Amino acid sequence: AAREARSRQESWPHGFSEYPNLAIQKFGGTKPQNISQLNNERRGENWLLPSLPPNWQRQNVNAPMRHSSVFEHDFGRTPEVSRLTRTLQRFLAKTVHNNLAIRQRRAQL
Amino acid sequence: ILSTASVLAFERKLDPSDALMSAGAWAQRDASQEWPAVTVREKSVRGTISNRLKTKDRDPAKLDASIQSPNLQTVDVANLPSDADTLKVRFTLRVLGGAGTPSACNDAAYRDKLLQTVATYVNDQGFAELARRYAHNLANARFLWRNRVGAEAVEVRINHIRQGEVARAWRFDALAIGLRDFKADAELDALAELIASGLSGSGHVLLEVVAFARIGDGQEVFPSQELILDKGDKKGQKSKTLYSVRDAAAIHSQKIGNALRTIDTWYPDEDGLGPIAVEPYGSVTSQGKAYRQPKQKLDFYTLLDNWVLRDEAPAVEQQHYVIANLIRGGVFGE
Amino acid sequence: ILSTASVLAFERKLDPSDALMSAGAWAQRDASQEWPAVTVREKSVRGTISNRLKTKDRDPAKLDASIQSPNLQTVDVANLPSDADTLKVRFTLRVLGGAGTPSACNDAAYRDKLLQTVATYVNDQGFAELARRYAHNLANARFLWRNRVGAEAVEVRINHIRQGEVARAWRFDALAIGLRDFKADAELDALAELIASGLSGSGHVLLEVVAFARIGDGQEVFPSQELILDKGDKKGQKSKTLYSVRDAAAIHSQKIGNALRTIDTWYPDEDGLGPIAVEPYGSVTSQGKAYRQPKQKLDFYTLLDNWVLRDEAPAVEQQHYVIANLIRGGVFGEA
């Protein structure tokens with residue numbers, strides 16, 4: 001539903017979402033006779049929701065001690081800063097309804 | 001059963017060079033092989049808000065407010081040296097011949113009648129109505145686009161190269177011959193015959209079209225300008241840069257080849273609005289509206305496929321258009 | 001008995017290089033080992049509708065809007081310096097030899113009968129006929145693809161470099177001998193014999209091959225160009241690249257190899273319509289159609305199998321084509 005819908009047009013908007021960063025935890029591997037609910041699609045097929053910290057993946061540097069890194073220093077460049085700027089510009093108009101939710105979410109952001 | 005092709009191209013004839021500009025004094029156009037070229041130099045600029053501000057909000061307070069916010073604009077400029085009062089533009093033009101033969105096709109029997117349809121055109125009559133039209137667009141200085149207007153003594157020095165020397169040299173005067181009239185002369189038609197023989201494979205011609213616009217002491221020129229884009233980049237980039245080659249400004253080859261193929265006075269509006277470039281759906285980008293509409297049956301994509309497939313031949317007074325934008329070429333087919 | 005090899009592949013023979021460009025003055029060409037290379041520049045292009053529109057939306061009152069916000073491309077264009085009027089193009093050619101020997105066979109007696117079929121070919125009618133055909137396609141300047149059409153005086157410099165110093169040289173005329181005639185000379189004889197003795201294996205040849213196209217002054221050269229994946233969609237402005245080496249514009253090795261092997265006049269549809277490149281399913285992407293179709297027996301994949309499996313030898317003319325696209329090398333068998 002979500003892939004074809006947000007591919008072209010095929011959505012009445014419903015409950016659709018993506019589940020990243022889940023890890024496989026097995027309890028017997030190729031000889032599973034430990035616990036119950038354990039058949040030949042569930043051969044230790046207990047997976048595990050994500051719990052990563054605020055620095056789970058890596059981040060590239062953007063201000064080294066070079067010309068294009070630090071010698072041209074009127075940039076403030078960052079990819080997370082680009083994502084924060086996009087998240088600001090997606091709500092750059094204060095409507096006549098959501099001022100209660102848009103009253104502490106812009107300057108705080 | 002005889003239809004067109006899916007892919008079908010035509011490599012262009014009348015290849016021009018680029019327009020390397022230089023500048024010197026008048027009556028130094030005789031020894032004009034050593035002039036310093038017009039450099040490309042920046043300037044800073046700011047102005048006030050001359051925008052037509054949309055009157056859903058066109059208020060006096062914002063007009064006063066938008067002045068102490070200036071316009072951070074660094075642009076480029078192309079002046080003469082202040083010791084000089086002329087503009088020299090030199091480039092090289094060659095023709096190739098064999099306008100009917102494509103560069104790609106699908107149906108090999110389709111080209112076997114298109115090339116001999118072009119050959120019935122050629123064996124009927126020469127290129128000697130397109131010939132003096134292109135020879136007039138060369139003998140005046142329409143390739144000087146904005147440098148031509150306002151100048152005093154505009155001149156064209158066409159040479160002709162077949163080894164490391166010049167066979168016969170033409171000279172003209174570019175403001176005597178206007179932009180209305182196409183009248184052959186005792187000298188210009190002997191260059192029309194040159195390019196009409198060059199479009200049939202009867203010699204290798206190589207026209208070196210040198211211009212001389214007399215414009216003023218330390219005045220400014222107009223080279224064509226590139227496509228820079230202020231993408232919200234770093235350091236506040238330029239809003240107008242202009243096309244250069246090695247330490248010299250220039251006009252592009254497609255613009256200086258667009259000036260030559262201003263041919264057709266065969267458009268369904270008038271004749272007194274001037275000539276237009278030849279292309280499919282023959283239009284002017286500046287003047288905004290497109291002549292040769294597909295409402296009329298006077299497209300290129302209507303004349304050529306009704307002249308080849310259905311063999312409904314158009315007027316002799318208009319076949320010059322179709323052969324002219326087969327000299328132009330381009331990607332055809334669906 | 002003795003069926004085909006299901007996976008079989010040959011290497012290259014007539015190994016080209018990349019041809020890099022420069023430009024200079026005519027008759028300065030003799031002392032020319034230092035000319036500056038024709039480099040790929042960038043210019044801005046703003047064109048209009050020159051494309052065939054189909055009226056499902058293209059109204060007569062619709063084209064009035066499309067020519068004030070046009071399509072603003074950006075191309076890569078190489079031209080000469082405006083004080084130079086030639087085109088120096090230099091590549092290097094080597095010929096390896098041992099044509100019929102495959103590189104990845106399945107069977108054991110298939111290749112052993114194919115190798116002595118090609119060896120009794122060479123033992124009766126040598127490599128010399130294709131050798132003088134490739135010698136003609138080197139003798140003119142067909143590898144100057146568009147740099148030759150509308151040119152004025154082309155003279156190809158060929159050297160047989162066996163050491164630091166050359167062995168013997170060849171000066172030619174790409175317009176006296178032409179795009180039609182395959183008939184020998186008093187000097188193309190020896191270069192045919194050299195490519196013949198290089199294809200057989202009786203001496204390794206290396207041929208540096210320099211072309212001087214008098215294209216004109218400041219004119220458009222045509223280096224071969226690369227592909228535009230995600231470069232007119234990411235930033236949108238650039239829509240034409242060009243192939244390049246270190247501060248030079250260059251011709252690809254595969255299309256200079258393509259112009260080496262426009263050999264076969266033995267296509268069945270005609271003979272005066274120009275020889276095409278030698279391929280299995282001998283075909284051109286210019287004209288669209290395909291000669292050497294398998295709706296007739298005269299295709300390559302039918303000829304080679306009938307000449308090896310069925311054991312019937314085709315005509316004396318058209319065994320040249322079969323060993324020609326053995327010399328080309330490719331992926332054969334059930335791919």
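With ideal geometry, Cβ positions are generated from the backbone for all residues, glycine too; neighbour counts draw on all protein chains shown. All of this is worked out from the model, or read from it or from the source named; no laboratory read-out is quoted.
For the reader, a short list of remarks on this structure follows.
- Of all residues in region B:287-331 being over 25 Å from B:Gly126 (Cβ atoms) and among the aromatic types (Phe, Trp, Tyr), the one that is surrounded by the fewest Cβ atoms within 10 Å (Cβ to Cβ): B:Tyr301
- Check on B:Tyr281, outside the structural domain of B:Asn140 (by CATH) and farther than 17 Å from C:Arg46 by Cβ: no
- Selection status of C:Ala109, surrounded by fewer than 16 Cβ atoms within 10 Å (Cβ to Cβ), in contact (Cβ under 8 Å) with a residue 60 or more places away in the chain, among the small types (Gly, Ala, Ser) and more than 12 Å from chain B (Cβ to nearest Cβ): yes
- The single condition among (1) without any contact (Cβ under 8 Å) to a residue 60 or more places away in the chain; (2) within 25 Å of the chain's Cα centre (by Cα) that B:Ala37 does not meet is (1).
- Taking the numbered list (1) assigned to a loop (DSSP other than H, G, I, E, B); (2) under 21 Å from C:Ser66 (Cβ atoms) in turn, B:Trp266 passes all entries but (2).
- Looking only at region C:72-103, and only at residues there that are within 14 Å of another protein chain (Cβ to nearest Cβ) and in a loop (DSSP other than H, G, I, E, B), the one that is surrounded by the fewest Cβ atoms within 10 Å (Cβ to Cβ): C:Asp83
- Residues located in region C:38-50, provided they are at the interface with chain B (Cβ under 7 Å from one of its Cβ atoms) and either outside any loop (DSSP other than H, G, I, E, B) or in contact with a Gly (Cβ under 6 Å, 6 or more places away or on another chain) (or both): C:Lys43, C:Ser44, C:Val45, C:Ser50
- Scanning region C:51-71 for residues that are at the interface with another protein chain (Cβ under 9 Å from one of its Cβ atoms) and either in a strand (DSSP E or B) or crowded, with 16+ Cβ neighbours inside 10 Å (or both) returns C:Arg52, C:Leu53, C:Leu63, C:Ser66, C:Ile67.
- Of all residues in region B:162-182 being within 14 Å of chain C (Cβ to nearest Cβ) and of a type in the set (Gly, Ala, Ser), the one that is surrounded by the most Cβ atoms within 10 Å (Cβ to Cβ): B:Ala167
- Every condition in (1) more than 14 Å from every other protein chain (Cβ to nearest Cβ); (2) outside any loop (DSSP other than H, G, I, E, B) holds for B:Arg148 except the one numbered (2).
- Test: residue in region B:117-126 that is out of contact with any strand residue (DSSP E or B) (no Cβ under 7 Å at 6 or more places or on another chain), of a type in the set (A, V, I, L, M), part of a helix (DSSP H, G or I) and touching a residue at least 60 places away in the same chain (Cβ under 8 Å): yes
- Checking each residue in region A:39-96 for being surrounded by 10 or more Cβ atoms within 10 Å (Cβ to Cβ), of a type outside the set (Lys, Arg), outside any loop (DSSP other than H, G, I, E, B) and away from every other protein chain (no Cβ under 14 Å) picks out A:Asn46, A:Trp47, A:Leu48, A:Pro79, A:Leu84, A:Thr87, A:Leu88.
- The set of residues in region B:295-334 that are without any contact (Cβ under 8 Å) to a residue 24 or more places away in the chain and part of a loop (DSSP other than H, G, I, E, B) comprises B:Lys295, B:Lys297, B:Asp299, B:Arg310, B:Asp311, B:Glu312, B:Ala313, B:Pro314, B:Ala315.
- B:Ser253 vs. criteria more than 20 Å from B:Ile177 (Cα to Cα), within 10 Å of chain C (Cβ to nearest Cβ), out of contact with any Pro (no Cβ under 8 Å at 6 or more places or on another chain) and surrounded by 18 or more Cβ atoms within 10 Å (Cβ to Cβ): no
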